[PDB]
């Protein structure tokens, strides 16, 4: 019985962060 | 200028990745790197997006390379927020690659920096990541150090749940509850696993997230098996099956049937066991799942042997020997 895990999150950046 | 073309290319990269075309988007980010730019801040965000895109394409070696460039550039320019983010990303990539010691250090840096900056959103995200790494580390092996890794995961998930409750972030609660429930399951805290997966189920329903709903039913089923509550467990696997069909997921439908087969065997209702095992056997051929086909054969051989049919037992064992060789 394999337990099913929740997805990893990742942190995100955008070139538009600096507009 | 170079800087303007670089931005134009990067924008298209981000558009394509958001639209779910990571392959096309990667090329635009790589074109943007090729053209180049003096703005190291912009470049850093392009590396980070490449890292994540390769991560989602399952090229984890490439993901690591790009997140390491981002981490380094974040230090070069003294962008503490960017350093924290790149560290979390590197830690998550190391975790998938099975490098748990370094993953812990990187994820811990994401957290420590998030606290220093009083960034509650980042802090919370880092605690979820750390829970994940300790869970994977414990599961990869209880020896005391293994129990301690799993218990630290529980603590990290609980701390996360506490902050994301203050933040009103329901999707984050969903993720934490699910992985907390799996960690409780590994520790043998089966009642606590149900409680966590029940909360996860509720949140899945609230978002209309059918696959999360299906995961939760399935995880609840597994916990009830180890609680000796086989009837309740079969009832949850019935919910996953109904959802499998709805979703037109062939593999997931096959698992539910297998799971039900095993559950009736534990109840000692051998006719139903046979029934669902056959349905699993069928779908396993269809998906080109050879491994599955053998398992069904072995399961069916054991059921027919316990039922009384000593002929079909021999036939499926006969079919089990074939598949195993093939």
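Numbering starts at 1 and runs along the chain as displayed.
Technique stated in the header: X-ray crystallography, 2.0 Å.
Quick reminder: no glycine exception, Cβ is built from N, Cα and C everywhere.
Listed in Swiss-Prot:
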type: MOD_RES; residues: B:114; note: phosphoserine
type: MOD_RES; residues: B:324; note: phosphoserine
type: REPEAT; residues: B:6-39; note: repeat 'TPR 1'
type: REPEAT; residues: B:44-77; note: repeat 'TPR 2'
type: REPEAT; residues: B:84-117; note: repeat 'TPR 3'
type: REPEAT; residues: B:174-207; note: repeat 'TPR 5'
type: REPEAT; residues: B:214-247; note: repeat 'TPR 6'
type: REPEAT; residues: B:254-287; note: repeat 'TPR 7'
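Flanking an unmodelled stretch of 10 residues, residue B:141 and residue B:142 have Cα atoms 9 Å from one another.
Long-range Cβ contacts of the repeat 'TPR 5' (B:174-207) within its own chain (Cβ-Cβ under 8 Å, at least 6 residues beyond either end) map to 128, 131-132, 135, 138-139, 147, 150-151, 153-154, 157-158, 160-161, 164, 213, 215-217, 219-220, 222-224, 226-227. Counted over every protein chain shown, other Cβ atoms within 10 Å are most numerous around B:114 among the modified residues B:114, B:324.
Residue counts for the repeat 'TPR 2' (B:44-77) under DSSP, helix first, then strand, then coil, are 30 helix, 0 strand, 4 coil. In this structure, the CA atom of residue B:114 (phosphoserine) is 52 Å away from the CA atom of residue B:324 (phosphoserine). Sorting each residue of the repeat 'TPR 1' (B:6-39) by its DSSP state yields 27 helix, 0 strand, 7 coil. The DSSP breakdown of the repeat 'TPR 6' (B:214-247), given as helix, strand and coil counts, is 31 helix, 0 strand, 3 coil. Residue counts for the repeat 'TPR 5' (B:174-207) under DSSP (helix as H, G, I; strand as E, B; rest coil) come to 32 helix, 0 strand, 2 coil. For the repeat 'TPR 7' (B:254-287), the number of residues in each DSSP class (helix H, G, I; strand E, B; coil) is 31 helix, 0 strand, 3 coil.
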